[PDB]
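Enquirer: Enclosed are the sequence and the experimentally obtained structure.
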Amino acid sequence: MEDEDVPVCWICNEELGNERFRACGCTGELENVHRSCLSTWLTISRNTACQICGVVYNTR
Ligand SMILES: [Zn+2]
Ligand SMILES: [Zn+2]
């Protein structure tokens, strides 16, 4: 039960607790990120997949 604690979106630095958004499978903050600012961020920064592990954001 180590999943406890609330993760924070590495983009806007805000706790999400469990925003269901498969955008990457890293081992740090990236593992948890709001699909709101991430999906839109990569769109503004022009990105389709995490440049840390090579996983696509896959946003709705
Ligand atoms: Zn990643
Ligand atoms: Zn966020």
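Expert: Structure's in. What do you need? Residues are numbered from 1 along each chain as shown. Ligands and ions are numbered 1, 2, ... in the order given.
Enquirer: From the centroid of the chain, which residue is nearest?
Expert: With distances taken as C-alpha atoms, centre = their mean, residue 33 lies nearest the centre of the chain, 3.0 Å away.
Enquirer: Quick check: phi and psi at the residue lying closest to that residue once chain neighbours are set aside.
Expert: Excluding the flanking residues, the one nearest residue 33 by C-beta to C-beta, 6 or more residues apart in numbering is residue 9, at 4.5 Å. Backbone N, C-alpha and C define where each C-beta goes, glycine included. Backbone torsions for residue 9, taken as degrees, to the nearest 10, come to phi -60, psi 120.
Enquirer: hang on, isn't residue 9 packed against residue 28?
Expert: No - the pair residue 9 / residue 28 is not scored as a contact, 12.0 Å apart, by C-beta atoms under 8 Å.
Enquirer: wait, residue 28 sits on residue 10?
Expert: Yes - the criterion here is C-beta under 8 Å, and residue 28 meets it with residue 10 at 7.4 Å.
Enquirer: between the two, which one's more packed in?
Expert: More crowded of residue 28 and residue 10, by other C-beta atoms under 10 Å: residue 10, with 19 against 9.
Enquirer: which residues does the more buried one contact?
Expert: 28, 29, 30, 32, 33 (C-beta atoms under 8 Å, 6 or more residues apart in numbering).
Enquirer: For the first one, give me its contacts.
Expert: In other words, residue 28. Contact analysis of residue 28 by C-beta under 8 Å, 6+ apart lists residue 10.
Enquirer: And the nearest residue to residue 53 once chain neighbours are set aside, how far from residue 52?
Expert: Nearest residue to residue 53, sequence neighbours excluded (C-beta to C-beta, 6+ apart): residue 26, at 5.3 Å. Separation of residue 26 from residue 52 (C-beta to C-beta, to the nearest Å): 5 Å.
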